[PDB]
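*Asks:* Build me a model from this:
(chains A and B)
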Amino acid sequence: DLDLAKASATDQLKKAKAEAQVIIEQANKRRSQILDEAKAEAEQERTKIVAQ
Amino acid sequence: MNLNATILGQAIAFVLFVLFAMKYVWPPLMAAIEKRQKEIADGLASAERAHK
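*Replies:* Numbers count the residues shown, from 1 in each chain, chains lettered A, B, ... in the order given. Dropping the coordinates below:
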């Protein structure tokens, strides 16, 4: 039982650490995409208003 | 029957055997038992360490 338990004990750090990494690596893309799409809207709105 | 010299000889044989047991029988076997007791009781250390 020492081997069977210490297996999980030695692995779950690796695993949950990778998932805490993943969550943030998604959130980062979210920030980057929003700073892109706000640029897209920045062009779209001004072009709309000049056409108006 | 009656008081003899045999008493002294029996006292000598007695102490001889007491030493011959003391050193080379008793610790030799209690060490065996309690070493087995260490290795048996310390198996619990798994359910008390890795479990934790």
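
*Asks:* How much space separates the spatially most central residue of chain B from residue B:19?
*Replies:* By C-alpha atoms, centre = their mean, chain B has its centre lying nearest to residue B:26, at 2.4 Å. Distance, residue B:26 to residue B:19, using C-beta to C-beta, to the nearest Å: 11 Å. C-beta: built from backbone N, CA, C; applies to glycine.

*Asks:* Name the residues contacting each of these two.
*Replies:* Common contact partners of residue B:26 and residue B:19 (C-beta atoms under 8 Å, 6 or more residues apart in numbering or on different chains): none.

*Asks:* Residues of chain A that sit close to chain B?
*Replies:* Residues of chain A found near chain B (C-beta under 8 Å from any C-beta of the partner chain) are A:1-2, A:5-6, A:9.

*Asks:* Pull out the buried positions in stretch A:1-18.
*Replies:* Along stretch A:1-18, no position meets the burial threshold by neighbour count (16 or more other C-beta atoms under 10 Å in any protein chain shown).

*Asks:* residues in contact with that stretch?
*Replies:* Contacts of stretch A:1-18 (C-beta under 8 Å, 6+ apart): B:46-47, B:49-51.

*Asks:* any idea where the helices of chain A begin and end?
*Replies:* A:2-51 (DSSP state H).

*Asks:* At the geometric centre of it, which residue sits there?
*Replies:* Centroid-nearest residue in chain A: residue A:26, 1.4 Å away (criterion: C-alpha atoms, centre = their mean).

*Asks:* Enumerate the residues of chain B near chain A.
*Replies:* B:46-47, B:49-51.

*Asks:* Select from the contacts of stretch A:1-18 every entry located in strands.
*Replies:* Using DSSP state E, no member of these falls within strands.

*Asks:* hmm, back to that, what about the residue nearest to the centre of chain A, distance to residue B:23?
*Replies:* Taken as C-beta to C-beta, the span from residue A:26 to residue B:23 is 73 Å.

*Asks:* Give me the buried entries from the residues of chain B next to chain A.
*Replies:* By neighbour count, with 16+ other C-beta under 10 Å, those hold residue B:50 as buried.
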